[PDB]
Amino acid sequence: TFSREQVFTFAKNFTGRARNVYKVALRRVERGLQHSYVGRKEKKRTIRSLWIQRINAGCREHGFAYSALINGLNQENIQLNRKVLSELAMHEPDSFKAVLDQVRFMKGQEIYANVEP
Amino acid sequence: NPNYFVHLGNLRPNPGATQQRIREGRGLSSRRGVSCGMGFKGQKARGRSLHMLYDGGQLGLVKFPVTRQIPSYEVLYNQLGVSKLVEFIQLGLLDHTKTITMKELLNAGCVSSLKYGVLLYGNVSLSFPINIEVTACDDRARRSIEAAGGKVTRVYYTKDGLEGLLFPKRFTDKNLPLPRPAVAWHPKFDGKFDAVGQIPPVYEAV
Amino acid sequence: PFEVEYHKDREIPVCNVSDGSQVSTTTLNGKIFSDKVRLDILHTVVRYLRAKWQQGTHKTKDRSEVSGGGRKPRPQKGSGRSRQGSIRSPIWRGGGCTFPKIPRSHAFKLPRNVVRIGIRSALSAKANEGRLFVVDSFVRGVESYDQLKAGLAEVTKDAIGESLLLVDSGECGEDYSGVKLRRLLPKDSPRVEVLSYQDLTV
RNA sequence: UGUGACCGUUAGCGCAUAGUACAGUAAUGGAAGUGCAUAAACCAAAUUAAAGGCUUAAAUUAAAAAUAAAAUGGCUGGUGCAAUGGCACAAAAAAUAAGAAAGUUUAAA
RNA sequence: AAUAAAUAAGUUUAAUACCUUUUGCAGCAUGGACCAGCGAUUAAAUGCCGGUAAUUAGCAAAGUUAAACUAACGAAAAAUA
RNA sequence: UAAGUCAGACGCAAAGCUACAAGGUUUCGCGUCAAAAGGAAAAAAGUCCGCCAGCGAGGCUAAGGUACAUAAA
Ligand SMILES: [K+]
Ligand SMILES: [K+]
Ligand SMILES: [Mg+2]
Ligand SMILES: [Mg+2]
Ligand SMILES: [Mg+2]
Ligand SMILES: [Mg+2]
Ligand SMILES: [Mg+2]
Ligand SMILES: [Mg+2]
Ligand SMILES: [Mg+2]
Ligand SMILES: [Mg+2]
Ligand SMILES: [Mg+2]
Ligand SMILES: [Mg+2]
Ligand SMILES: [Mg+2]
Ligand SMILES: [Mg+2]
Ligand SMILES: [Mg+2]
């Protein structure tokens, strides 16, 4: 069981008797910590959902689809993840379009260490 | 002070010699936390009510018969093996050149505490004669000793007579006469004794 | 941390209290003064001695020994209060103790052989630490307490400690010299004690 | 009188004096209550925050000291510290027994 | 069930107290208005089973108590002579 | 372990009793709950997928889904 010092440290921002009354605050502290365990798990699901929405919106502006892009990347051996792809569509439109064109049309110029073999 | 000095402030016991007691009813995460490990309800979990031997009403232990045979009184004698008697002689704790009596056995340590007498039993292969006086003997011991040329005598002593045999100094230091020997034994014990013991035994050569 | 010869006899000089000078030399048996030091045996004997000295004159009162409390204080049913049977119950302020204290002894037993092992360990430890000294006598040539203190200080100058323990052959020993030593020793001396060899303990 | 890994004002005797106050026709039952000091619950008060342009080359200092919010006002009497109060036995002393029945004993110089 | 996880600070999503008792309780089953103090497997003797040591134990002081032990089939032949 | 337990529940599949009724009752085979958080079906003890030591804004899948609510043709 938490001590008085621990209980009141956790409950410093609670309302009414939940702030300074031990019996009321103790039950409010434990229930909140239970919410936090669930909250951390759900955070990872929600953020990935947001990335996909932004990628899909960018793809459809050019006439493409999210599912077509993911399949196309795996055929080209491109391993950029969704967090990076989401950020490219928002902040680097020109680079995001270049990735789409390579996947759809494959018209990029290859680079070799020895330019003149 | 150096590190190797010993004082009252750095003593500990040997590991494993002690273990902490279990104090129950002291928290959810403690051993035997809430209910003290007794369960939830019932007669067992309500204090001193039930004896550990009650079987529910069947009472199976008293469904067996009773025997009333009386064991022989000779279970009250101290038992001495012939093989143990020889070992003492070989080590030198007993003198085999003179008659051996129960007093010598008591002092040598063969017999621990005598209240009634000594019973001699067992088989042993001897090469030298032995003369021993005891209160009782079997047939295996008699044959073993006599085969080498010894003599086994069963001597009859009373309660007062046995005390004089074992602790004569207890009477001389107080200037008291020794107990007198018995006259004869009851005929019901015929075939149990060969002679009446003398409080000061007569030692002979072997 | 240094080399020790176990079970070997020791040669120890003898000093004089009156002047602090060496007078002769003697020998210490190796089985008593050069034995192994058992740390666990010392712990057991120390606990054994402390338990024996505890007095144990302590008592409390339970609900049957507190004054009053015979009658039932409330009706069993109807009042809306908790059911109660007596005012001297442990649950009530001013009630009895659930498990009262009783006058008791705290002493337990040890074999006489284990006590011997402890004494040898303690004597051996002193010799290996250089805290053991032998003198011819304590009262010969000394007529004042200050004189004795100065002599003892000179003899034990090569040591780390401060307090001293003095062991003699008892009051009726050395021609009743012990009586003189007791008289000279001041009352309530916190750093000096005198014991007979019969009362030596770990 | 002596000792304590016995207690320190919800403890220890019911009592740091009280078998008092008080309840009851009565027998009887039976409290509270030491000294000092920013503890808790509890009720009132306390919301916010802004700022846009003097021209720069020969000071001062025996010695030392001296510029900054952890804490509102109350009511209450916990905790911490102390003992002119209790608990347990120990030592000494005291108390105590006779066979006989109107009858003799036991006194150290 | 008055919070949690985040946020461009505008908001968005997750989310029916605790205890006791039950096959099953957010329970329209039970207990708690709140704070401080008090409040519940303790002691003795004996027995059983693990662990750690002593290497019999207690008195006494060359002698005594307590415990423990005490006959089962005398069965081997390994010689490069 | 000389411990606890001897109030059990439902789903699919059989039989007796009831009326080839009951979230009924009595046996029996497997599973789940009881003592099991997480995902799907609206809320969801017992159905379907699957067993939580802790943290992370990495990735692949199961049951079930892929015009809006609501991630994906
Ligand atoms: K148990
Ligand atoms: K309150
Ligand atoms: Mg039950
Ligand atoms: Mg039970
Ligand atoms: Mg009291
Ligand atoms: Mg106080
Ligand atoms: Mg009081
Ligand atoms: Mg029910
Ligand atoms: Mg209520
Ligand atoms: Mg039953
Ligand atoms: Mg049943
Ligand atoms: Mg049913
Ligand atoms: Mg249950
Ligand atoms: Mg995938
Ligand atoms: Mg969508």
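Evaluating residue B:61 against the criteria (1) assigned to a loop (DSSP other than H, G, I, E, B); (2) more than 9 Å from RNA strand E (Cβ to nearest atom) leaves one unmet condition, (1). Just for the range B:1-59: of the residues that are more than 14 Å from chain C (Cβ to nearest Cβ) and among the hydroxyl-bearing types (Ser, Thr, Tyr), which one is nearest to residue C:2 (Cα to Cα)? Ranking the candidates gives B:30 first.
Could you check, for the range B:31-49, whether at least one of its residues is away from RNA strand E (no atom under 13 Å from the Cβ) and free of Cβ contacts under 8 Å to residues at least 40 places away in the same chain? If you could, list the steps in order and put the result at the bottom.
Of all residues in the range B:31-49, those away from RNA strand E (no atom under 13 Å from the Cβ) come to none.
No; the residues of the range B:31-49 include none that is away from RNA strand E (no atom under 13 Å from the Cβ) and free of Cβ contacts under 8 Å to residues at least 40 places away in the same chain.
Screening the range B:181-206 for residues that are surrounded by 12 or more Cβ atoms within 10 Å (Cβ to Cβ) and charged (D, E, K, R) and picking the one that is nearest to residue B:138 (Cα to Cα) gives B:192. Just checking, how many residues over the range C:30-50 are away from chain B (no Cβ under 14 Å), part of a helix (DSSP H, G or I) and surrounded by 14 or more Cβ atoms within 10 Å (Cβ to Cβ)? The total comes to 3.
Scan the range C:142-160 for residues that are surrounded by fewer than 13 Cβ atoms within 10 Å (Cβ to Cβ) and outside any helix (DSSP H, G or I) and the total you get is 5.
Here's the yes/no breakdown for (1) more than 24 Å from the chain's Cα centre (by Cα); (2) more than 20 Å from residue B:192 (Cα to Cα); (3) aromatic (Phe, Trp, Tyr); (4) assigned to a loop (DSSP other than H, G, I, E, B):
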site	(1), (2), (3), (4)
B:86	no, yes, no, no
B:113	no, yes, no, yes
B:126	yes, yes, no, yes
B:153	no, no, no, no
B:162	no, no, no, no
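I need a count of the residues in the range C:89-136 that are among the hydroxyl-bearing types (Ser, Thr, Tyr), part of a loop (DSSP other than H, G, I, E, B) and under 25 Å from the mean Cα position of the chain (by Cα). Total satisfying the criteria: 1.
Filtered by the rule that a residue be in a loop (DSSP other than H, G, I, E, B) and more than 18 Å from residue B:164 (Cβ to Cβ), the range B:88-111 gives B:92, B:93, B:94, B:95, B:96, B:97, B:109, B:110. Among the residues of the range C:191-200, just one is in a loop (DSSP other than H, G, I, E, B) and either farther than 15 Å from residue C:149 by Cα or within 14 Å of the chain's Cα centre (by Cα) (or both), namely C:200. Any residue that is more than 16 Å from RNA strand D (Cβ to nearest atom), touching a helix residue (DSSP H, G or I) at 6+ places or on another chain (Cβ under 6 Å), more than 27 Å from residue B:6 (Cα to Cα) and touching a residue at least 40 places away in the same chain (Cβ under 8 Å) - is there at least one of those in the range C:97-119? No, the range C:97-119 has no match at all.
Mind listing just one residue for me: the one in the range A:1-34 that is assigned to a loop (DSSP other than H, G, I, E, B) and of a type in the set (D, E, K, R) and, of those, farthest from ligand 5 (Cβ to nearest atom)?
A:12
Evaluate the following for residue C:64: is it away from RNA strand D (no atom under 16 Å from the Cβ), loosely packed, with under 13 Cβ neighbours inside 10 Å and either outside any loop (DSSP other than H, G, I, E, B) or away from every other protein chain (no Cβ under 14 Å) (or both)? So residue C:64 does not fit the description; no. Look at the range C:143-159: where a residue is free of Cβ contacts under 8 Å to residues at least 60 places away in the same chain and a partner is hydrophobic (A, V, I, L, M, F, W, C), sitting 6+ places away or on another chain with Cβ atoms under 8 Å, you get C:144/C:184; C:145/C:184; C:145/C:185; C:156/C:133; C:156/C:164.
Would you check which residues across the range C:11-27 are surrounded by fewer than 16 Cβ atoms within 10 Å (Cβ to Cβ) and in contact (Cβ under 8 Å) with a residue 24 or more places away in the chain and list them? First the steps, then the outcome.
Just the residues of the range C:11-27 that are surrounded by fewer than 16 Cβ atoms within 10 Å (Cβ to Cβ), to begin with: C:11-14, C:19, C:21-27.
Result: C:12, C:13, C:14, C:19, C:23, C:24, C:26.
Residues that are of a type in the set (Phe, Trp, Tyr) and either farther than 29 Å from residue C:70 by Cα or within 16 Å of RNA strand F (Cβ to nearest atom) (or both) within the range C:85-117 comprise just one, C:108. Within the range B:36-48, if we keep just the residues that are surrounded by 10 or more Cβ atoms within 10 Å (Cβ to Cβ) and more than 16 Å from ligand 3 (Cβ to nearest atom), the residue that is farthest from residue B:23 (Cα to Cα) turns out to be B:37. Do the conditions hold for residue C:178, that is, is it under 28 Å from residue C:115 (Cα atoms), among the small types (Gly, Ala, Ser) and surrounded by 13 or more Cβ atoms within 10 Å (Cβ to Cβ)? Spelling it out, residue C:178 is indeed under 28 Å from residue C:115 (Cα atoms), among the small types (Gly, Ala, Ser) and surrounded by 13 or more Cβ atoms within 10 Å (Cβ to Cβ).
Computed from the coordinates by the stated procedures, all read-outs in this text should not be read as laboratory data. With ideal geometry, Cβ positions are generated from the backbone for all residues, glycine too; neighbour counts draw on all protein chains shown.
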